[PDB]
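Take a look at the structure below.
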Amino acid sequence: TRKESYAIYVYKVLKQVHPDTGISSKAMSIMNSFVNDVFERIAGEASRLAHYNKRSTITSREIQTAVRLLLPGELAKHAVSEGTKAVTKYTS
Amino acid sequence: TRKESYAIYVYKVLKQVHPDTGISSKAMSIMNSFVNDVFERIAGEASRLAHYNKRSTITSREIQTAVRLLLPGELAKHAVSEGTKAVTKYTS
Amino acid sequence: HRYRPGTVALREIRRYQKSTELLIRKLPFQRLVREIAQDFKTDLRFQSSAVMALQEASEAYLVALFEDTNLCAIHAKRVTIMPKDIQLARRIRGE
Amino acid sequence: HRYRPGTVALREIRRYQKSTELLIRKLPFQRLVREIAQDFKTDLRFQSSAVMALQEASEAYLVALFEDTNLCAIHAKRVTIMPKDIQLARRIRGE
Amino acid sequence: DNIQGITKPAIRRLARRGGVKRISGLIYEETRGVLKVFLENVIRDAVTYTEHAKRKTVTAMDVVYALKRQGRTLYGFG
Amino acid sequence: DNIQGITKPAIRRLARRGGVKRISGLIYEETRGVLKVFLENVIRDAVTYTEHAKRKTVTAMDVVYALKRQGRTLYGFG
Amino acid sequence: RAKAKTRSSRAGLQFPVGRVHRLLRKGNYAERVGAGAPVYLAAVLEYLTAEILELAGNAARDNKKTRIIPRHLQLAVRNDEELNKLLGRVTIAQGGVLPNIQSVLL
Amino acid sequence: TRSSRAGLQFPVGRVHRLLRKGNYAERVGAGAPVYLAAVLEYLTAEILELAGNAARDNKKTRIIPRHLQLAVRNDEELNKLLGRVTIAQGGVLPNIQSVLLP
DNA sequence: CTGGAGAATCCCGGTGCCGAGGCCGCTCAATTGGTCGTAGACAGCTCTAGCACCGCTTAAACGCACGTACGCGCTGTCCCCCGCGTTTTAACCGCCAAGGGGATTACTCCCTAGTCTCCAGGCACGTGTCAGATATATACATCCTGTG
DNA sequence: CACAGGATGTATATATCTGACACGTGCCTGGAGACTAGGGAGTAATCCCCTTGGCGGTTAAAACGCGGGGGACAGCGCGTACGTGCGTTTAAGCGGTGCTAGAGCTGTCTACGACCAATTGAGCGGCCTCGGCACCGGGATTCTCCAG
């Protein structure tokens, strides 16, 4: 049975940041678990934020606040800039 | 606005275990936040149990497995006993 | 009359482990909280219960930290807690 | 030729902090896991990867505990870790 | 300069509740630094919650959610 | 008597990777007890996950979930 | 129809099965909630509440009080090994601490 | 693809599906998956950059778990984000307490 | 080592108050009773991989001897922290007054779920080659003891 | 007491080889496009509550200063237990062969849970009200300490 993973996206990002660097299957498995874990953390925080404010929708604002709650300092501000850039480009 | 709590059920259970013992409003607030905390812990663990096994339904056996995961030992076994007894009584 | 150096410390230990009231003065703590919050957002207001929750959290944290610091100090065969005891406790905790 | 008592110990520390391979023998550890699991359910089978994950986790846990233990032993001005050091580390961690 | 309002006797009372019998004179500045770092973390999260709600008043619930997020669940405030 | 398979040389290697320079002879029984308790917790949770799935085989996913439940997330096994 | 009977009464439980069910449905936990899951969960919640309240009432009687306060709740939790394991990362407001002086300090 | 509209490498549509079917809310806004894919992509790129440096620092050209662990534990903010994560085959950092040295 | 002083804490009892606890409207959420459609239970079948065994090679464990450096006990100094009495400060309490904004209601609209069709991105599967695993011999780099 | 050099260990080209990584292929299922329907939320106005600012009086607490003792720490000696190394044993590791238990999938079908509309009583808010607890004072008991 077919099993979806994040391997190709992690691999595209790796060939973007280090065009000559590769990654082993075990390291790719680690990267997949990292993406899944961070996704779960951010989505859990956005869910709880939406619940606390009696909202039905997870929006860019909930996601942005979850990122600001979960990531430390500079990681948080840069992630926020990436997210806002992507949403502006998406609506544009 | 109407604010729901477990206060009445806590008082009934207390009158079962301690017929004359009363309770201050702070202790009742603590018991309410404790019930809410434990609800969220068990419900989240049952939710991720159902997700792990690719099920759509939270059932009595998801709640039972969640209890065995979250509660420490004798707490877990007495809680599992009570839960299955209650489900048996309700089903009959 | 004078008690020897440590009898009254033990008296306060017993007393404050019997008691439950907050141990920091409320108004200085509130000024501290508002001053700290100035750097995140200006003209902020606080509910009294928010400040009280902060004080409860802070005092519970400091009391547990002093317990761990006491264990670290006793480990080095001392009865006097030192900044290095606090640093060791917080390092083991992962802070 | 003889090294002094501690030179080869430091050599081992450097060697094993450079490498990543597992440090417990796989078959004794597997027998240990199966023996422990006998107490929870009879006739259990294990995936090779399940045992490998158990061993990875156990070794990472033991290494982090030994690092905390070395800190607690240095705090008491020793260089030798003792069971009291391990117990202090696990107490401050909250185990 | 309001951190100095957290006085030396208050820190001694806290350490007494922690069972400490004898207290170095240098403990008090370290404890002030620790308390300020802790309050900075909690208050940063609380004001983030406040800003998300578009409010201007930090509520007890903002503080309780901040504490629970940092693994310091607090009973007795809702 | 399989706990004795975790030998003194193996515990010494673990301590070396942990940065320990000199090890007391009483460390080995303490470490075997610690490891037994750890494995008991993890395996208890893994067998709970396994029994819930109505399997007879403890899977890598059970172990990973058990490690995650104890706040000890493991990367590299799914 | 008939006489409206609560599921708590059918289960022999004091905790409200219907409210726990509704909190599960609107809590984003699963797409569907089985019929026995709220009964089971209410039984588990009732058992934990009963344990804490029994131990806290004992602690209150020991201080010759007829009314549970946060101190008695804290003494129940911190004196009970398994409750103290369950509530290990939780702060009880106005609960204080357990009396504990290290023997080397005496 | 929505990833091309958002200018991303991470799957905006797949992330949206995982959010909808992950039991996170009743509804998911259109910008939520875009923002989330951007943040996930940024954190992935950070770790992969540091890990490629660590691989180069081991004379390797291909990343392995050891390179990932070195990357994570040497960067302060990633170490805070992954404080209670264990990387399999990652080893530890070469740290000897100075009081133990000759 | 006793034996009184002296201080602190606790135990009793009377007062008084304010919050726990019981009762009364009332309303909205839980129950009743059907309907339906799909999630999951079940049976059968495939075949993956876990278990069992077996022979051999050797790396690792084990047991032993020796010495040294580290743990630990003891001593002494001195300084810094505790116990306590006094003075100052501002916390605390009670009250008054203004109004900012949290919370509610109503309305309206636009944004998201749902559906259906269609197709291309992504997954499983092959495959070849080059980065890395493994010697291998060597050039250092390091530790330790003898010697000047 | 400080270098010389010897033995030991480790980093470093260099050569073999291989298997796992990177890319290409086929295809299918889930992601995108185009709508419609409906309700979640954005917005404005309003109300009242609860936050802030001020003010004055009282006293608990903070700050300060002053012995003095006892605890931290530095130094020193000693003994034993752990590190290092060496020879012997033993089972781990590895590689194969073989067997079948059970994991995993598929096809059926049914029964279980969502949903919906009407009904009603369980639980909630409000409101008294009396008794458990706080407080205050005063005396008994216990504990600490120093002087003989």
Side-chain angles (χ1 to χ4, degrees), chain A residues 1-5 7-8 11 22-25 55-57, chain B residues 1-5 8 11 22-25 28 55-57, chain C residues 1-9 11 15 25-28 45-48 77-80 82, chain D residues 1-9 11 15 25-28 45-48 78-80 82, chain E residues 7-10 22-25 55-57 59, chain F residues 7-10 22-25 55-57 59, chain G residues 1-7 16-19 21-22 25 31-35 65-67, chain H residues 1-2 11 13-14 16-17 20 26-30 60-62 102:
Chain A
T1 214
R2 144 184 301 99
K3 287 306 192 176
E4 286 178 358
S5 291
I8 63 176
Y11 198 84
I23 188 176
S24 68
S25 64
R55 290 300 161 244
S56 300
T57 73
Chain B
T1 308
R2 163 173 290 172
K3 292 310 165 193
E4 47 187 308
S5 72
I8 305 307
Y11 195 80
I23 305 163
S24 67
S25 70
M28 181 57 81
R55 296 275 183 92
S56 313
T57 311
Chain C
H1 175 106
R2 283 192 72 89
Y3 287 109
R4 287 153 52 75
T7 304
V8 185
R11 206 153 71 207
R15 167 190 173 183
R25 300 291 89 186
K26 312 228 306 179
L27 181 49
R45 288 169 168 73
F46 284 82
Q47 295 190 342
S48 310
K77 272 174 175 296
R78 296 184 268 94
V79 295
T80 304
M82 300 180 71
Chain D
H1 183 263
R2 286 188 61 89
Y3 287 104
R4 289 153 47 85
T7 304
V8 178
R11 207 153 69 215
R15 177 197 181 184
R25 306 283 84 200
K26 296 326 172 53
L27 283 185
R45 298 165 148 261
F46 279 85
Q47 290 182 1
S48 71
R78 288 182 273 99
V79 302
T80 315
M82 308 188 74
Chain E
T7 67
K8 166 182 191 179
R22 203 167 127 95
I23 301 171
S24 177
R55 280 190 269 94
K56 302 187 168 187
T57 67
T59 62
Chain F
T7 62
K8 168 180 175 303
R22 199 178 160 270
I23 311 170
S24 149
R55 287 181 273 99
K56 303 161 175 181
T57 304
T59 316
Chain G
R1 48 182 88 183
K3 201 51 179 180
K5 179 107 63 60
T6 302
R7 293 190 272 177
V17 174
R19 178 178 299 189
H21 193 13
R22 185 251 303 167
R25 279 190 285 96
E31 307 80 287
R32 292 141 50 87
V33 176
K65 306 294 173 293
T66 336
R67 187 180 295 162
Chain H
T1 65
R2 280 188 275 166
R14 174 181 292 184
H16 194 14
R17 181 243 305 168
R20 284 188 288 95
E26 197 190 79
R27 304 136 50 80
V28 182
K60 297 304 189 182
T61 24
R62 155 210 291 183

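A note on names: the letters A, B, ... follow the listed sequences, proteins ahead of strands, and every chain is numbered from 1.
A 4.5 Å side-chain heavy-atom check between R25(D) and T7(F) finds every atom pair outside the cut-off.
In this structure, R62(H) places its CZ atom 11 Å from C1' of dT18(J), rounding to the nearest Å. With rounding to whole Å, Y11(A) atom OH is found 16 Å from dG122(I) atom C1'. To the nearest angstrom, P of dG121(J) lies 13 Å from NZ of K5(G). For the pair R15(D) CZ and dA141(I) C1', the computed distance is 18 Å after rounding to whole Å.
Environment of NZ in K8(F): crowded, with over 12 heavy atoms of neighbouring residues, nucleotides or ligands closer than 6.0 Å. Few gaps surround CZ on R11(D); more than 12 heavy atoms of other groups in view lie less than 6.0 Å from it.
A positive value of the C1'-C2'-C3'-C4' dihedral assigns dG95(J) to the north, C3'-endo side. Sugar pucker of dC35(J): north, as indicated by a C1'-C2'-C3'-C4' torsion of positive sign.
Residues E31(G) and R55(B) approach most closely at OE2-O, 4.5 Å, considering heavy atoms. Closest approach of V33(G) to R25(G), counting heavy atoms only: CG2-CG, 4.3 Å.
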Please list, pair by pair, any protein nitrogen or oxygen found under 3.5 Å from a nitrogen or oxygen in nucleotides 29-36 of chain J.
{"residue": "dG31(J)", "atom": "OP1", "partner": "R17(H)", "partner atom": "NE", "Å": "3.0"}
{"residue": "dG31(J)", "atom": "OP1", "partner": "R17(H)", "partner atom": "NH2", "Å": "2.3"}
{"residue": "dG31(J)", "atom": "OP2", "partner": "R17(H)", "partner atom": "NE", "Å": "3.0"}
{"residue": "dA32(J)", "atom": "OP1", "partner": "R2(H)", "partner atom": "N", "Å": "3.1"}
{"residue": "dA32(J)", "atom": "OP2", "partner": "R2(H)", "partner atom": "NE", "Å": "3.1"}
{"residue": "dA32(J)", "atom": "OP2", "partner": "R2(H)", "partner atom": "NH2", "Å": "2.9"}
{"residue": "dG33(J)", "atom": "OP1", "partner": "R5(H)", "partner atom": "NH2", "Å": "2.2"}

Which atoms of nucleotides 35-40 of chain I (N or O only) lie under 3.5 Å from a protein N or O atom, and what are those distances?
{"residue": "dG40(I)", "atom": "OP1", "partner": "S56(B)", "partner atom": "N", "Å": "3.1"}
{"residue": "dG40(I)", "atom": "OP1", "partner": "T57(B)", "partner atom": "N", "Å": "3.2"}
{"residue": "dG40(I)", "atom": "OP1", "partner": "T57(B)", "partner atom": "OG1", "Å": "3.1"}

Pairs under 3.5 angstrom, nitrogen or oxygen only, protein versus nucleotides 49-51 of chain I, please.
{"residue": "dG50(I)", "atom": "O5'", "partner": "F46(D)", "partner atom": "O", "Å": "3.3"}
{"residue": "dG50(I)", "atom": "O4'", "partner": "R45(D)", "partner atom": "NH1", "Å": "3.1"}
{"residue": "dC51(I)", "atom": "OP1", "partner": "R34(D)", "partner atom": "NH1", "Å": "2.6"}
{"residue": "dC51(I)", "atom": "OP1", "partner": "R34(D)", "partner atom": "NH2", "Å": "3.2"}
{"residue": "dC51(I)", "atom": "OP1", "partner": "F46(D)", "partner atom": "N", "Å": "3.2"}
{"residue": "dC51(I)", "atom": "OP2", "partner": "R34(D)", "partner atom": "NH2", "Å": "2.7"}

Heteroatom pairs (N/O) under 3.5 angstrom, protein to nucleotides 93-97 of chain J:
{"residue": "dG93(J)", "atom": "OP1", "partner": "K26(D)", "partner atom": "N", "Å": "2.9"}
{"residue": "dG93(J)", "atom": "OP2", "partner": "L27(D)", "partner atom": "N", "Å": "3.0"}

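How far CZ of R22(E) is from CE of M82(C): 10.5 Å, rounded to the nearest 0.5 Å. Distance OG1/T7(C) to CZ/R2(C): 11.5 Å, rounded to 0.5 Å. With rounding to the nearest 0.5 Å, the separation of NZ in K26(D) from OG in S48(D) is 10.5 Å. To the nearest 0.5 Å, atom CD of residue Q47(D) and atom CZ of residue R55(F) are 7.5 Å apart.
In this structure, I8(A) and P102(H) both approach DNA chain I, and ranking their closest nucleotides by distance from the 5' end singles out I8(A). Each of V79(C) and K3(A) lies near DNA chain J, and the nucleotide nearest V79(C) is the one positioned closer to the 5' end.
A donor-acceptor pair shorter than 3.5 Å cannot be found between the side chains of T57(F) and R45(D). Looking at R32(G) and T57(B), their side chains do bring a donor and an acceptor atom within 3.5 Å of each other.
Between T6(G) and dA30(I) there is no side-chain N or O to OP1 or OP2 distance below 4.0 Å. When the side-chain nitrogen and oxygen atoms of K56(F) are compared with OP1 and OP2 of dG102(J), one or more of them lie within a distance under 4.0 Å. A sub-4.0 Å separation between OP1 or OP2 of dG121(J) and a side-chain N or O of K3(G) is present.
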Using a 4.0 Å heavy-atom cut-off to protein, can you give one letter per nucleotide of nucleotides 80-85 of chain I, 5' to 3': B if the base is in contact, S if only the sugar-phosphate is, - if neither? -SSBS-
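Contact annotation for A7(A): no contact, since no heavy-atom pair falls under 4.0 Å across all strands. The residue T59(E) sits apart from the nucleic acid: no heavy atom pair falls under 4.0 Å.
Applying the 3.5 Å distance criterion, the base of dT31(I) shares a donor-acceptor pair with the side chain of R1(G).
In the helix from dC1(I)-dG148(J) to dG148(I)-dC1(J), the rotation axis of the first five pairs and that of the last five pairs differ in direction by 130°, rounded to 10 degrees.
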